[PDB]
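Structure file my_file_23.txt (compact mmCIF, N, CA and C atoms) follows.
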```txt
# COMPACT_ATOMS: atom_id res chain seq x y z
N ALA D 1001 0.95 -1.11 0.00
CA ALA D 1001 0.00 0.00 0.00
C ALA D 1001 1.00 1.17 0.00
N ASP D 1002 0.48 2.16 -0.67
CA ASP D 1002 1.15 3.43 -0.86
C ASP D 1002 2.65 3.22 -0.97
N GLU D 1003 3.50 3.48 0.02
CA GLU D 1003 4.93 3.49 -0.19
C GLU D 1003 5.55 2.13 -0.46
N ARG D 1004 4.91 1.00 -0.17
CA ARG D 1004 5.58 -0.19 -0.63
C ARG D 1004 5.69 -0.36 -2.14
N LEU D 1005 4.79 0.29 -2.86
CA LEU D 1005 4.86 0.25 -4.32
C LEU D 1005 6.11 0.98 -4.82
N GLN D 1006 6.89 1.68 -3.99
CA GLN D 1006 8.06 2.43 -4.41
C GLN D 1006 9.24 1.49 -4.56
N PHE D 1007 9.16 0.64 -5.58
CA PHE D 1007 10.26 -0.26 -5.89
C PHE D 1007 10.58 -0.14 -7.37
N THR D 1008 11.77 -0.59 -7.72
CA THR D 1008 12.07 -0.76 -9.15
C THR D 1008 12.42 -2.22 -9.37
N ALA D 1009 12.22 -2.59 -10.63
CA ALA D 1009 12.35 -3.98 -10.98
C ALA D 1009 12.78 -4.17 -12.42
N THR D 1010 12.97 -5.40 -12.82
CA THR D 1010 13.25 -5.76 -14.22
C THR D 1010 12.21 -6.79 -14.65
N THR D 1011 11.63 -6.56 -15.84
CA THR D 1011 10.64 -7.49 -16.35
C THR D 1011 11.26 -8.72 -16.93
N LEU D 1012 10.44 -9.73 -17.20
CA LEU D 1012 11.05 -10.96 -17.74
C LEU D 1012 11.68 -10.69 -19.09
N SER D 1013 11.28 -9.69 -19.85
CA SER D 1013 11.77 -9.30 -21.15
C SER D 1013 13.06 -8.51 -21.03
N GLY D 1014 13.37 -8.08 -19.82
CA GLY D 1014 14.57 -7.30 -19.56
C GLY D 1014 14.38 -5.81 -19.46
N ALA D 1015 13.11 -5.35 -19.43
CA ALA D 1015 12.82 -3.92 -19.39
C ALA D 1015 12.78 -3.43 -17.95
N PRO D 1016 13.14 -2.19 -17.70
CA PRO D 1016 12.90 -1.66 -16.35
C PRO D 1016 11.43 -1.45 -16.09
N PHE D 1017 11.08 -1.54 -14.80
CA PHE D 1017 9.70 -1.26 -14.40
C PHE D 1017 9.76 -0.52 -13.08
N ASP D 1018 8.96 0.51 -12.91
CA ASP D 1018 8.91 1.30 -11.67
C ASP D 1018 7.56 1.10 -11.02
N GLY D 1019 7.55 0.46 -9.87
CA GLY D 1019 6.36 0.22 -9.10
C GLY D 1019 5.60 1.47 -8.74
N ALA D 1020 6.30 2.60 -8.69
CA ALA D 1020 5.61 3.83 -8.31
C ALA D 1020 4.56 4.15 -9.38
N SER D 1021 4.75 3.64 -10.59
CA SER D 1021 3.74 3.89 -11.64
C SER D 1021 2.39 3.30 -11.30
N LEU D 1022 2.32 2.39 -10.32
CA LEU D 1022 1.08 1.77 -9.95
C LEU D 1022 0.31 2.64 -8.99
N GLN D 1023 0.97 3.62 -8.37
CA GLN D 1023 0.23 4.42 -7.38
C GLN D 1023 -0.91 5.17 -8.04
N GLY D 1024 -2.07 5.20 -7.36
CA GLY D 1024 -3.23 5.99 -7.71
C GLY D 1024 -4.10 5.34 -8.77
N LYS D 1025 -3.90 4.05 -9.02
CA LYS D 1025 -4.82 3.40 -9.97
C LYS D 1025 -5.09 2.00 -9.42
N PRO D 1026 -6.20 1.40 -9.83
CA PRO D 1026 -6.51 0.03 -9.41
C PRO D 1026 -5.46 -0.93 -10.02
N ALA D 1027 -5.01 -1.86 -9.18
CA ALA D 1027 -3.94 -2.73 -9.62
C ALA D 1027 -4.03 -4.07 -8.89
N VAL D 1028 -3.41 -5.06 -9.47
CA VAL D 1028 -3.33 -6.38 -8.84
C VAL D 1028 -1.87 -6.81 -8.95
N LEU D 1029 -1.28 -7.17 -7.78
CA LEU D 1029 0.00 -7.86 -7.78
C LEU D 1029 -0.26 -9.35 -7.60
N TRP D 1030 0.42 -10.18 -8.37
CA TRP D 1030 0.27 -11.62 -8.27
C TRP D 1030 1.65 -12.22 -8.15
N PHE D 1031 1.93 -12.80 -6.98
CA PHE D 1031 3.24 -13.43 -6.69
C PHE D 1031 3.17 -14.88 -7.03
N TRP D 1032 4.02 -15.31 -7.95
CA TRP D 1032 3.94 -16.69 -8.49
C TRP D 1032 5.33 -17.27 -8.66
N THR D 1033 5.33 -18.63 -8.80
CA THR D 1033 6.50 -19.32 -9.28
C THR D 1033 6.05 -20.31 -10.34
N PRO D 1034 6.87 -20.62 -11.37
CA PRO D 1034 6.32 -21.35 -12.51
C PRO D 1034 6.06 -22.82 -12.25
N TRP D 1035 6.65 -23.37 -11.17
CA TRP D 1035 6.56 -24.78 -10.92
C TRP D 1035 5.54 -25.08 -9.86
N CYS D 1036 4.81 -24.08 -9.38
CA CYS D 1036 3.79 -24.30 -8.37
C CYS D 1036 2.48 -24.76 -9.01
N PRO D 1037 1.87 -25.88 -8.62
CA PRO D 1037 0.66 -26.32 -9.30
C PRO D 1037 -0.50 -25.37 -9.04
N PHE D 1038 -0.52 -24.68 -7.93
CA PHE D 1038 -1.59 -23.73 -7.64
C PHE D 1038 -1.44 -22.53 -8.56
N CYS D 1039 -0.22 -22.05 -8.77
CA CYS D 1039 0.02 -20.97 -9.68
C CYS D 1039 -0.37 -21.38 -11.10
N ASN D 1040 -0.04 -22.59 -11.47
CA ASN D 1040 -0.39 -23.08 -12.79
C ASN D 1040 -1.90 -23.15 -12.94
N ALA D 1041 -2.65 -23.56 -11.89
CA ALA D 1041 -4.12 -23.61 -11.94
C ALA D 1041 -4.70 -22.23 -12.05
N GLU D 1042 -4.16 -21.25 -11.39
CA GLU D 1042 -4.65 -19.88 -11.44
C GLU D 1042 -4.29 -19.13 -12.70
N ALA D 1043 -3.21 -19.47 -13.38
CA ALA D 1043 -2.69 -18.67 -14.47
C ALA D 1043 -3.73 -18.45 -15.58
N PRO D 1044 -4.52 -19.42 -16.03
CA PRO D 1044 -5.52 -19.11 -17.07
C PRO D 1044 -6.53 -18.06 -16.63
N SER D 1045 -6.88 -18.09 -15.31
CA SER D 1045 -7.78 -17.10 -14.77
C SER D 1045 -7.16 -15.73 -14.74
N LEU D 1046 -5.90 -15.59 -14.34
CA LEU D 1046 -5.18 -14.29 -14.44
C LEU D 1046 -5.22 -13.81 -15.87
N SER D 1047 -4.94 -14.70 -16.83
CA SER D 1047 -4.88 -14.24 -18.23
C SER D 1047 -6.21 -13.67 -18.68
N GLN D 1048 -7.28 -14.36 -18.36
CA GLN D 1048 -8.64 -13.96 -18.80
C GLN D 1048 -9.11 -12.73 -18.04
N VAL D 1049 -8.96 -12.70 -16.73
CA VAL D 1049 -9.44 -11.57 -15.94
C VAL D 1049 -8.66 -10.30 -16.28
N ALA D 1050 -7.36 -10.39 -16.47
CA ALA D 1050 -6.56 -9.22 -16.85
C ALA D 1050 -7.07 -8.72 -18.19
N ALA D 1051 -7.31 -9.63 -19.15
CA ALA D 1051 -7.72 -9.22 -20.50
C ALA D 1051 -9.05 -8.50 -20.45
N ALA D 1052 -9.95 -8.98 -19.60
CA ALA D 1052 -11.31 -8.44 -19.50
C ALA D 1052 -11.38 -7.17 -18.70
N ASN D 1053 -10.33 -6.76 -18.02
CA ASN D 1053 -10.37 -5.63 -17.10
C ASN D 1053 -9.19 -4.70 -17.38
N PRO D 1054 -9.10 -4.12 -18.59
CA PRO D 1054 -7.89 -3.40 -19.00
C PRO D 1054 -7.59 -2.15 -18.20
N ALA D 1055 -8.61 -1.59 -17.51
CA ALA D 1055 -8.30 -0.41 -16.72
C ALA D 1055 -7.74 -0.78 -15.34
N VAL D 1056 -7.62 -2.05 -14.99
CA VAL D 1056 -6.91 -2.53 -13.78
C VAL D 1056 -5.55 -3.01 -14.29
N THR D 1057 -4.48 -2.56 -13.62
CA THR D 1057 -3.14 -2.91 -14.06
C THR D 1057 -2.61 -4.12 -13.25
N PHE D 1058 -2.35 -5.19 -13.97
CA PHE D 1058 -1.89 -6.43 -13.35
C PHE D 1058 -0.38 -6.51 -13.49
N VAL D 1059 0.29 -6.91 -12.39
CA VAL D 1059 1.72 -7.13 -12.39
C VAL D 1059 1.96 -8.44 -11.69
N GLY D 1060 2.57 -9.36 -12.45
CA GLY D 1060 3.03 -10.62 -11.85
C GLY D 1060 4.45 -10.43 -11.33
N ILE D 1061 4.79 -11.13 -10.26
CA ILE D 1061 6.09 -10.99 -9.63
C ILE D 1061 6.57 -12.42 -9.35
N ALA D 1062 7.57 -12.85 -10.11
CA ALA D 1062 8.01 -14.26 -10.04
C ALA D 1062 9.35 -14.32 -9.33
N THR D 1063 9.59 -15.44 -8.64
CA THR D 1063 10.90 -15.66 -8.02
C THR D 1063 11.13 -17.19 -7.94
N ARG D 1064 12.31 -17.54 -7.49
CA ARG D 1064 12.70 -18.96 -7.23
C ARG D 1064 12.68 -19.76 -8.52
N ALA D 1065 13.07 -19.16 -9.63
CA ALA D 1065 13.15 -19.93 -10.88
C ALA D 1065 14.06 -19.20 -11.85
N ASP D 1066 14.55 -19.92 -12.85
CA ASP D 1066 15.32 -19.23 -13.87
C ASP D 1066 14.39 -18.49 -14.82
N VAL D 1067 14.97 -17.49 -15.50
CA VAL D 1067 14.12 -16.60 -16.30
C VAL D 1067 13.48 -17.36 -17.43
N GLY D 1068 14.14 -18.30 -18.06
CA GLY D 1068 13.51 -19.06 -19.12
C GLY D 1068 12.27 -19.80 -18.66
N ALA D 1069 12.31 -20.36 -17.43
CA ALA D 1069 11.15 -21.08 -16.89
C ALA D 1069 10.02 -20.09 -16.62
N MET D 1070 10.38 -18.93 -16.14
CA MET D 1070 9.36 -17.87 -15.95
C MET D 1070 8.72 -17.52 -17.25
N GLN D 1071 9.55 -17.33 -18.29
CA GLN D 1071 9.02 -16.95 -19.61
C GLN D 1071 8.14 -18.06 -20.19
N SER D 1072 8.55 -19.34 -20.02
CA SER D 1072 7.69 -20.41 -20.55
C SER D 1072 6.33 -20.38 -19.94
N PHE D 1073 6.25 -20.08 -18.63
CA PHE D 1073 4.96 -20.03 -17.94
C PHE D 1073 4.07 -18.89 -18.47
N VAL D 1074 4.67 -17.70 -18.63
CA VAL D 1074 3.94 -16.58 -19.18
C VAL D 1074 3.44 -16.91 -20.57
N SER D 1075 4.28 -17.55 -21.37
CA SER D 1075 3.89 -17.89 -22.76
C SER D 1075 2.78 -18.92 -22.78
N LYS D 1076 2.92 -20.00 -22.01
CA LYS D 1076 1.95 -21.08 -21.97
C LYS D 1076 0.55 -20.61 -21.60
N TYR D 1077 0.49 -19.67 -20.63
CA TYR D 1077 -0.78 -19.22 -20.12
C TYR D 1077 -1.19 -17.87 -20.66
N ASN D 1078 -0.43 -17.33 -21.59
CA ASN D 1078 -0.83 -16.06 -22.24
C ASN D 1078 -1.07 -14.97 -21.21
N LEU D 1079 -0.08 -14.75 -20.34
CA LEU D 1079 -0.18 -13.70 -19.30
C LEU D 1079 0.25 -12.38 -19.90
N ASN D 1080 -0.73 -11.69 -20.52
CA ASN D 1080 -0.41 -10.47 -21.25
C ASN D 1080 -0.44 -9.25 -20.37
N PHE D 1081 0.51 -9.18 -19.47
CA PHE D 1081 0.68 -8.09 -18.55
C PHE D 1081 2.13 -8.14 -18.06
N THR D 1082 2.57 -7.09 -17.37
CA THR D 1082 3.96 -7.05 -16.90
C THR D 1082 4.21 -8.20 -15.92
N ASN D 1083 5.32 -8.89 -16.11
CA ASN D 1083 5.81 -9.87 -15.11
C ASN D 1083 7.24 -9.55 -14.80
N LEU D 1084 7.53 -9.53 -13.50
CA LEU D 1084 8.81 -9.09 -12.97
C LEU D 1084 9.66 -10.30 -12.58
N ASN D 1085 10.94 -10.24 -12.94
CA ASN D 1085 11.88 -11.28 -12.51
C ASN D 1085 12.47 -10.82 -11.17
N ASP D 1086 11.85 -11.19 -10.07
CA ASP D 1086 12.32 -10.74 -8.76
C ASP D 1086 13.34 -11.75 -8.29
N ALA D 1087 14.50 -11.73 -8.95
CA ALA D 1087 15.41 -12.84 -8.90
C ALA D 1087 15.88 -13.09 -7.47
N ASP D 1088 16.10 -12.03 -6.68
CA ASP D 1088 16.61 -12.26 -5.34
C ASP D 1088 15.53 -12.11 -4.28
N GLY D 1089 14.26 -12.04 -4.67
CA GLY D 1089 13.21 -11.99 -3.71
C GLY D 1089 13.06 -10.71 -2.96
N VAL D 1090 13.65 -9.62 -3.42
CA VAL D 1090 13.56 -8.36 -2.71
C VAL D 1090 12.14 -7.80 -2.68
N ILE D 1091 11.44 -7.88 -3.82
CA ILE D 1091 10.05 -7.37 -3.79
C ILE D 1091 9.17 -8.31 -3.00
N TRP D 1092 9.37 -9.62 -3.12
CA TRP D 1092 8.61 -10.58 -2.33
C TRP D 1092 8.59 -10.33 -0.90
N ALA D 1093 9.85 -9.81 -0.55
CA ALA D 1093 10.40 -9.49 1.20
C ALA D 1093 9.59 -8.27 1.44
N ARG D 1094 9.49 -7.30 0.53
CA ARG D 1094 8.86 -6.01 0.81
C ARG D 1094 7.40 -6.25 1.14
N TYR D 1095 6.80 -7.27 0.49
CA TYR D 1095 5.43 -7.55 0.65
C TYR D 1095 5.21 -8.65 1.64
N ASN D 1096 6.29 -8.97 2.37
CA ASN D 1096 6.08 -9.95 3.42
C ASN D 1096 5.26 -11.14 2.90
N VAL D 1097 7.12 -12.19 1.93
CA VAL D 1097 7.36 -13.51 1.34
C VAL D 1097 6.20 -14.48 1.44
N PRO D 1098 5.19 -14.81 2.21
CA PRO D 1098 5.90 -16.05 2.58
C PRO D 1098 5.45 -16.78 1.35
N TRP D 1099 4.69 -17.50 0.64
CA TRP D 1099 5.13 -18.37 -0.45
C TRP D 1099 4.07 -18.02 -1.47
N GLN D 1100 3.73 -18.65 -2.56
CA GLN D 1100 2.97 -18.45 -3.75
C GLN D 1100 1.83 -19.44 -3.79
N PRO D 1101 0.77 -19.13 -4.49
CA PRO D 1101 0.47 -17.81 -5.07
C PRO D 1101 -0.09 -16.86 -4.02
N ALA D 1102 0.12 -15.56 -4.28
CA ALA D 1102 -0.45 -14.54 -3.40
C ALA D 1102 -0.91 -13.39 -4.28
N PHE D 1103 -2.01 -12.76 -3.89
CA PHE D 1103 -2.56 -11.59 -4.55
C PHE D 1103 -2.58 -10.39 -3.62
N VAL D 1104 -2.29 -9.23 -4.18
CA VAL D 1104 -2.58 -7.96 -3.53
C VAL D 1104 -3.48 -7.19 -4.46
N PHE D 1105 -4.68 -6.83 -3.95
CA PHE D 1105 -5.69 -6.13 -4.72
C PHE D 1105 -5.70 -4.68 -4.28
N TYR D 1106 -5.22 -3.75 -5.11
CA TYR D 1106 -5.14 -2.33 -4.76
C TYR D 1106 -6.25 -1.53 -5.41
N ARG D 1107 -6.89 -0.73 -4.57
CA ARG D 1107 -7.73 0.34 -5.05
C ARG D 1107 -6.87 1.56 -5.40
N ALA D 1108 -7.46 2.48 -6.21
CA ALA D 1108 -6.74 3.70 -6.60
C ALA D 1108 -6.38 4.54 -5.39
N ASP D 1109 -7.15 4.41 -4.29
CA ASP D 1109 -6.84 5.22 -3.10
C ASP D 1109 -5.72 4.64 -2.25
N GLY D 1110 -5.13 3.54 -2.69
CA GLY D 1110 -3.96 3.05 -1.98
C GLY D 1110 -4.24 1.94 -1.01
N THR D 1111 -5.50 1.75 -0.66
CA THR D 1111 -5.83 0.63 0.22
C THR D 1111 -5.78 -0.68 -0.57
N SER D 1112 -5.57 -1.76 0.16
CA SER D 1112 -5.40 -3.07 -0.46
C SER D 1112 -5.97 -4.18 0.43
N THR D 1113 -6.17 -5.31 -0.21
CA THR D 1113 -6.52 -6.56 0.41
C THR D 1113 -5.65 -7.64 -0.18
N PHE D 1114 -5.24 -8.57 0.64
CA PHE D 1114 -4.43 -9.68 0.19
C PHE D 1114 -5.14 -11.00 0.30
N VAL D 1115 -4.76 -11.95 -0.59
CA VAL D 1115 -5.19 -13.31 -0.51
C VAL D 1115 -3.88 -14.12 -0.59
N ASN D 1116 -3.51 -14.98 0.34
CA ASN D 1116 -2.26 -15.82 0.35
C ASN D 1116 -2.63 -17.15 0.95
N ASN D 1117 -3.41 -17.93 0.22
CA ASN D 1117 -3.91 -19.22 0.63
C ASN D 1117 -3.18 -20.39 0.08
N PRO D 1118 -2.57 -21.18 0.96
CA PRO D 1118 -1.81 -22.31 0.49
C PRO D 1118 -2.64 -23.54 0.11
N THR D 1119 -3.96 -23.57 0.30
CA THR D 1119 -4.64 -24.85 0.17
C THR D 1119 -5.34 -25.04 -1.17
N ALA D 1120 -5.54 -23.97 -1.93
CA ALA D 1120 -6.35 -24.06 -3.11
C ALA D 1120 -6.08 -22.92 -4.08
N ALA D 1121 -6.34 -23.14 -5.35
CA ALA D 1121 -6.26 -22.04 -6.33
C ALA D 1121 -7.51 -21.19 -6.26
N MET D 1122 -7.33 -19.89 -6.40
CA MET D 1122 -8.49 -19.01 -6.54
C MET D 1122 -9.20 -19.28 -7.86
N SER D 1123 -10.55 -19.35 -7.81
CA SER D 1123 -11.32 -19.58 -9.04
C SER D 1123 -11.35 -18.28 -9.84
N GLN D 1124 -11.69 -18.47 -11.14
CA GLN D 1124 -11.89 -17.28 -11.97
C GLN D 1124 -13.04 -16.41 -11.51
N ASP D 1125 -14.14 -17.05 -11.12
CA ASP D 1125 -15.28 -16.28 -10.64
C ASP D 1125 -14.89 -15.44 -9.43
N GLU D 1126 -14.11 -16.08 -8.52
CA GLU D 1126 -13.73 -15.29 -7.36
C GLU D 1126 -12.82 -14.12 -7.74
N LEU D 1127 -11.83 -14.40 -8.60
CA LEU D 1127 -10.90 -13.36 -9.05
C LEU D 1127 -11.61 -12.23 -9.78
N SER D 1128 -12.52 -12.58 -10.67
CA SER D 1128 -13.28 -11.57 -11.39
C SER D 1128 -14.02 -10.65 -10.43
N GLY D 1129 -14.66 -11.23 -9.38
CA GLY D 1129 -15.38 -10.40 -8.44
C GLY D 1129 -14.43 -9.52 -7.62
N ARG D 1130 -13.28 -10.05 -7.21
CA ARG D 1130 -12.36 -9.17 -6.44
C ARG D 1130 -11.86 -8.01 -7.31
N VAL D 1131 -11.62 -8.32 -8.59
CA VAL D 1131 -11.13 -7.24 -9.49
C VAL D 1131 -12.23 -6.21 -9.76
N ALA D 1132 -13.47 -6.67 -9.98
CA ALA D 1132 -14.57 -5.71 -10.15
C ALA D 1132 -14.70 -4.82 -8.94
N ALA D 1133 -14.45 -5.33 -7.73
CA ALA D 1133 -14.68 -4.53 -6.52
C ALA D 1133 -13.71 -3.35 -6.46
N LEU D 1134 -12.58 -3.44 -7.15
CA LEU D 1134 -11.66 -2.28 -7.16
C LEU D 1134 -12.43 -1.12 -7.85
```

Please lay out the structure from this file as structure tokens.
Amino acid sequence: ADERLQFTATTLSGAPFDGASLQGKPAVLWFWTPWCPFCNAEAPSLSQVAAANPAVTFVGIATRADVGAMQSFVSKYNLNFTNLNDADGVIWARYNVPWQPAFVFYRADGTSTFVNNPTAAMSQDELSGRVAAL
């Protein structure tokens, strides 16, 4: 929320990205790793919900994998939004780690809600409703 978004990063494509650009608009952070079965179950839903909600800015944040594996996952699931190679877990630490998948749902006013459930993948219906609520 608010100042935690003040990070910089590198995308899987190698481009710089500034988290501060997310301030003041509805956004979703999604912390994933490519080998997690829950992340793999959620990825089609991220792809569809992001596509259907273009005025919400989605940013995936991947760690604990090589960049090629990250890229294969984005390609396989058509994740057409920024994905960050958080190679050393610094952004993950900022948002307090602990494992994947995790969502942060930001309103434009800076408030947020998190979902970090280890037992199940979030359904598309649930994700669509959380994104609409922003």

Checklist entry - Any idea what the distance is between CA of residue 1087 (chain D) and CA of residue 1014 (chain D)? => result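 According to the coordinates, CA of residue 1087 (chain D) and CA of residue 1014 (chain D) are separated by 12.0 Å.
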
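Atom pair CA of residue 1082 (chain D) / CA of residue 1062 (chain D): separated by 10.7 Å.
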
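Put simply, CA of residue 1029 (chain D) is 13.7 Å away from CA of residue 1080 (chain D).
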
Next on the checklist: Using DSSP assignments from the backbone, pull out every residue in chain D that falls under strand (DSSP E or B) and give it to me as a PyMOL selection string.
Outcome noted: chain D and resi 1008-1011+1016-1018+1027-1032+1057-1062+1082-1085+1102-1106+1112-1115

Item to check | Non-local contacts of residue 1109 (chain D) (8 Å; all atoms listed in the file; under 5 positions in same chain excluded) as a count of residues only | outcome: 6

Item to check | DSSP helix (DSSP H, G or I) residues within region 1015-1117 of chain D, as a ChimeraX atom specification | outcome: /D:1019-1022,1037-1052,1067-1077,1090-1094

Could you write out the selected residues, including N, CA and C atoms, as an mmCIF file, in the coordinates of the input?
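Final file, result.cif:
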```cif
data_model
loop_
_atom_site.group_PDB
_atom_site.id
_atom_site.type_symbol
_atom_site.label_atom_id
_atom_site.label_comp_id
_atom_site.auth_asym_id
_atom_site.auth_seq_id
_atom_site.Cartn_x
_atom_site.Cartn_y
_atom_site.Cartn_z
ATOM 1 N N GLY D 1019 7.550 0.460 -9.870
ATOM 2 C CA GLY D 1019 6.360 0.220 -9.100
ATOM 3 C C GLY D 1019 5.600 1.470 -8.740
ATOM 4 N N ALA D 1020 6.300 2.600 -8.690
ATOM 5 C CA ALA D 1020 5.610 3.830 -8.310
ATOM 6 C C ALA D 1020 4.560 4.150 -9.380
ATOM 7 N N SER D 1021 4.750 3.640 -10.590
ATOM 8 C CA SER D 1021 3.740 3.890 -11.640
ATOM 9 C C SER D 1021 2.390 3.300 -11.300
ATOM 10 N N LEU D 1022 2.320 2.390 -10.320
ATOM 11 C CA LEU D 1022 1.080 1.770 -9.950
ATOM 12 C C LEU D 1022 0.310 2.640 -8.990
ATOM 13 N N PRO D 1037 1.870 -25.880 -8.620
ATOM 14 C CA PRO D 1037 0.660 -26.320 -9.300
ATOM 15 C C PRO D 1037 -0.500 -25.370 -9.040
ATOM 16 N N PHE D 1038 -0.520 -24.680 -7.930
ATOM 17 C CA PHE D 1038 -1.590 -23.730 -7.640
ATOM 18 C C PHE D 1038 -1.440 -22.530 -8.560
ATOM 19 N N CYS D 1039 -0.220 -22.050 -8.770
ATOM 20 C CA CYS D 1039 0.020 -20.970 -9.680
ATOM 21 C C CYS D 1039 -0.370 -21.380 -11.100
ATOM 22 N N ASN D 1040 -0.040 -22.590 -11.470
ATOM 23 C CA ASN D 1040 -0.390 -23.080 -12.790
ATOM 24 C C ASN D 1040 -1.900 -23.150 -12.940
ATOM 25 N N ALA D 1041 -2.650 -23.560 -11.890
ATOM 26 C CA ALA D 1041 -4.120 -23.610 -11.940
ATOM 27 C C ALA D 1041 -4.700 -22.230 -12.050
ATOM 28 N N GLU D 1042 -4.160 -21.250 -11.390
ATOM 29 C CA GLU D 1042 -4.650 -19.880 -11.440
ATOM 30 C C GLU D 1042 -4.290 -19.130 -12.700
ATOM 31 N N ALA D 1043 -3.210 -19.470 -13.380
ATOM 32 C CA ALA D 1043 -2.690 -18.670 -14.470
ATOM 33 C C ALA D 1043 -3.730 -18.450 -15.580
ATOM 34 N N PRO D 1044 -4.520 -19.420 -16.030
ATOM 35 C CA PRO D 1044 -5.520 -19.110 -17.070
ATOM 36 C C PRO D 1044 -6.530 -18.060 -16.630
ATOM 37 N N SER D 1045 -6.880 -18.090 -15.310
ATOM 38 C CA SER D 1045 -7.780 -17.100 -14.770
ATOM 39 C C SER D 1045 -7.160 -15.730 -14.740
ATOM 40 N N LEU D 1046 -5.900 -15.590 -14.340
ATOM 41 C CA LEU D 1046 -5.180 -14.290 -14.440
ATOM 42 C C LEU D 1046 -5.220 -13.810 -15.870
ATOM 43 N N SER D 1047 -4.940 -14.700 -16.830
ATOM 44 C CA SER D 1047 -4.880 -14.240 -18.230
ATOM 45 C C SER D 1047 -6.210 -13.670 -18.680
ATOM 46 N N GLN D 1048 -7.280 -14.360 -18.360
ATOM 47 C CA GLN D 1048 -8.640 -13.960 -18.800
ATOM 48 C C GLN D 1048 -9.110 -12.730 -18.040
ATOM 49 N N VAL D 1049 -8.960 -12.700 -16.730
ATOM 50 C CA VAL D 1049 -9.440 -11.570 -15.940
ATOM 51 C C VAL D 1049 -8.660 -10.300 -16.280
ATOM 52 N N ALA D 1050 -7.360 -10.390 -16.470
ATOM 53 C CA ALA D 1050 -6.560 -9.220 -16.850
ATOM 54 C C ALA D 1050 -7.070 -8.720 -18.190
ATOM 55 N N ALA D 1051 -7.310 -9.630 -19.150
ATOM 56 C CA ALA D 1051 -7.720 -9.220 -20.500
ATOM 57 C C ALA D 1051 -9.050 -8.500 -20.450
ATOM 58 N N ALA D 1052 -9.950 -8.980 -19.600
ATOM 59 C CA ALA D 1052 -11.310 -8.440 -19.500
ATOM 60 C C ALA D 1052 -11.380 -7.170 -18.700
ATOM 61 N N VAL D 1067 14.970 -17.490 -15.500
ATOM 62 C CA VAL D 1067 14.120 -16.600 -16.300
ATOM 63 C C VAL D 1067 13.480 -17.360 -17.430
ATOM 64 N N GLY D 1068 14.140 -18.300 -18.060
ATOM 65 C CA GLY D 1068 13.510 -19.060 -19.120
ATOM 66 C C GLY D 1068 12.270 -19.800 -18.660
ATOM 67 N N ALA D 1069 12.310 -20.360 -17.430
ATOM 68 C CA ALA D 1069 11.150 -21.080 -16.890
ATOM 69 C C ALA D 1069 10.020 -20.090 -16.620
ATOM 70 N N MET D 1070 10.380 -18.930 -16.140
ATOM 71 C CA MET D 1070 9.360 -17.870 -15.950
ATOM 72 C C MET D 1070 8.720 -17.520 -17.250
ATOM 73 N N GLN D 1071 9.550 -17.330 -18.290
ATOM 74 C CA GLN D 1071 9.020 -16.950 -19.610
ATOM 75 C C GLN D 1071 8.140 -18.060 -20.190
ATOM 76 N N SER D 1072 8.550 -19.340 -20.020
ATOM 77 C CA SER D 1072 7.690 -20.410 -20.550
ATOM 78 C C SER D 1072 6.330 -20.380 -19.940
ATOM 79 N N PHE D 1073 6.250 -20.080 -18.630
ATOM 80 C CA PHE D 1073 4.960 -20.030 -17.940
ATOM 81 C C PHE D 1073 4.070 -18.890 -18.470
ATOM 82 N N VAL D 1074 4.670 -17.700 -18.630
ATOM 83 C CA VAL D 1074 3.940 -16.580 -19.180
ATOM 84 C C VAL D 1074 3.440 -16.910 -20.570
ATOM 85 N N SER D 1075 4.280 -17.550 -21.370
ATOM 86 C CA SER D 1075 3.890 -17.890 -22.760
ATOM 87 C C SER D 1075 2.780 -18.920 -22.780
ATOM 88 N N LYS D 1076 2.920 -20.000 -22.010
ATOM 89 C CA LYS D 1076 1.950 -21.080 -21.970
ATOM 90 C C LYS D 1076 0.550 -20.610 -21.600
ATOM 91 N N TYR D 1077 0.490 -19.670 -20.630
ATOM 92 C CA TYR D 1077 -0.780 -19.220 -20.120
ATOM 93 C C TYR D 1077 -1.190 -17.870 -20.660
ATOM 94 N N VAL D 1090 13.650 -9.620 -3.420
ATOM 95 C CA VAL D 1090 13.560 -8.360 -2.710
ATOM 96 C C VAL D 1090 12.140 -7.800 -2.680
ATOM 97 N N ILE D 1091 11.440 -7.880 -3.820
ATOM 98 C CA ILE D 1091 10.050 -7.370 -3.790
ATOM 99 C C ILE D 1091 9.170 -8.310 -3.000
ATOM 100 N N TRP D 1092 9.370 -9.620 -3.120
ATOM 101 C CA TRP D 1092 8.610 -10.580 -2.330
ATOM 102 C C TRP D 1092 8.590 -10.330 -0.900
ATOM 103 N N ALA D 1093 9.850 -9.810 -0.550
ATOM 104 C CA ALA D 1093 10.400 -9.490 1.200
ATOM 105 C C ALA D 1093 9.590 -8.270 1.440
ATOM 106 N N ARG D 1094 9.490 -7.300 0.530
ATOM 107 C CA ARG D 1094 8.860 -6.010 0.810
ATOM 108 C C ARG D 1094 7.400 -6.250 1.140
#
```

Item to check | Pick from D:1089, D:1067, D:1050, D:1078 nearest to residue 1028 (chain D), counting only C-alpha atoms | outcome: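 Closest to residue 1028 (chain D) of all the choices is D:1050.
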
Could you pull region 1068-1072 of chain D out of the structure I just pasted and write it to a file containing N, CA and C atoms, as an mmCIF file, in the first residue's frame?
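Generated file (out.cif):
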```cif
data_model
loop_
_atom_site.group_PDB
_atom_site.id
_atom_site.type_symbol
_atom_site.label_atom_id
_atom_site.label_comp_id
_atom_site.auth_asym_id
_atom_site.auth_seq_id
_atom_site.Cartn_x
_atom_site.Cartn_y
_atom_site.Cartn_z
ATOM 1 N N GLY D 1068 14.144 -18.304 -18.064
ATOM 2 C CA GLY D 1068 13.513 -19.062 -19.116
ATOM 3 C C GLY D 1068 12.269 -19.803 -18.663
ATOM 4 N N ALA D 1069 12.310 -20.358 -17.431
ATOM 5 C CA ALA D 1069 11.153 -21.078 -16.886
ATOM 6 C C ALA D 1069 10.024 -20.093 -16.622
ATOM 7 N N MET D 1070 10.382 -18.928 -16.140
ATOM 8 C CA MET D 1070 9.361 -17.865 -15.950
ATOM 9 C C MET D 1070 8.720 -17.516 -17.254
ATOM 10 N N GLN D 1071 9.550 -17.328 -18.286
ATOM 11 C CA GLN D 1071 9.016 -16.955 -19.611
ATOM 12 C C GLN D 1071 8.143 -18.060 -20.192
ATOM 13 N N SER D 1072 8.550 -19.341 -20.023
ATOM 14 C CA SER D 1072 7.692 -20.410 -20.551
ATOM 15 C C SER D 1072 6.327 -20.375 -19.940
#
```
